[PDB]
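The chain below stands alone and is given in structure tokens; this is the form deposited in one PDB entry.
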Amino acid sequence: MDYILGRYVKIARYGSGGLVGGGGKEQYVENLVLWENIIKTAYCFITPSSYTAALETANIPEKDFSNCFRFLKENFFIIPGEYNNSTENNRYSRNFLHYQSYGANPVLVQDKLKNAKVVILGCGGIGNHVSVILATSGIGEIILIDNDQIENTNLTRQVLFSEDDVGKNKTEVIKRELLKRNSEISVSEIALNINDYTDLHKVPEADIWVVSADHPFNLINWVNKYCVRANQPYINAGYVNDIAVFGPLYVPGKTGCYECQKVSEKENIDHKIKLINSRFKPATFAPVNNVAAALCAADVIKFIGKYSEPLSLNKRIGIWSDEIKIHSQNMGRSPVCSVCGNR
């Protein structure tokens, strides 16, 4: 069995030794002689080589080679050579490097993506962006669920839409834009907006529901109730004005649900509150929408792909746009929950 050095690894002389790899897996090795040995060993695996065929090629002690080989293999800097057959004319080539860097066999991850079915419940700015990431990452089946028409004020965040698309159904437009980008995948549309809780029975079972429609106010509560009963994974994403929000990612039997961590009367002011709130329109900002959409999609890809833990497991995550700030809200499982208890 051959191993091969991942193309996503880089190396720098730093401090006393150097750095190996880049991004989150980047390792600072303080020992010069160790760092030096790691690169001599790495170099032996540029070409797909079994441990000893690569060993017969280096000029360091056999036991020293093992330490360095252990470091490289554990950090996924070298990988099984089988992991490296994407046709090279394979569209998902750059995605394959991602999967490899997490220690996964990218062909198996890709196949899970191919076999998955994702419901996009809401086709606004978040649905737009999530659906396109998913299509181009090769999710095999996407069901678009929205009954809204395109408006000109939409064009600021809703990335798939042209000026000429104003007036069309969002779902019809998303679908053609998706099939322009990946003709291999399957897209269907349901002309529906959830207004009853019973409307949710019209939503088909899928690997996951991506829930972004904010109307009505308690859409998420119905979605959550329905999905806990139906054993149906979902992820929520959205924004509150300038804050981008994603999570929780609900996984039946595994995570907490939306309700786990959850425990006016004067009529003259109750009416004032309801008018003020009826007039509400979010201070939409495309960068906010997009960060929310992007992280939601990453978690969908990880959830289906299985090669890394999604970030929004047991958490609702808020990213601020006018400060450097991420804050999570606890949505871990409560044994006293009124929705997902079931025991």
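Numbers follow the displayed sequence, beginning with 1. Whichever C-alpha set is largest while still superposing within 1.5 Å between the two forms counts as the rigid core.
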For at least a third of the other PDB entries compared, is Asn89 missing from the model even though its neighbours are present? yes
Checking the other entries of this protein that model its neighbours, is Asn154 missing in at least a third? no
Which has higher Cα B-factors on average according to the PDB entry: 82-90 or 164-172? 82-90
Quick one: say whether 189-197 or 235-243 has the higher mean Cα B-factor in the deposited entry. 189-197
Could you say which of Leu275, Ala58, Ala298, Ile46 has its CA atom at the highest B factor, as listed in the PDB entry? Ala58
In terms of the CA temperature factor given in the entry, to which third of its chain does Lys112 belong: lowest, middle or highest? middle
Comparing against every modelled residue in the chain, figure out the third that the C-alpha B-factor of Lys262 lands in (lowest, middle or highest). highest
CA B-factor placement of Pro216, once the chain's modelled residues are sorted into thirds: highest
Lowest, middle or highest third of the chain for the C-alpha temperature factor of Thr52? middle
Ranked by Cα temperature factor within the chain, is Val29 in the lowest third, the middle third or the highest third? highest
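Below: the form deposited in another entry, not depicted.
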Give the option from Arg229, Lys272, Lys202, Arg176 whose C-alpha shifts by 2 Å or more between this form and the one not shown; the alignment is on the rigid core. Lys272
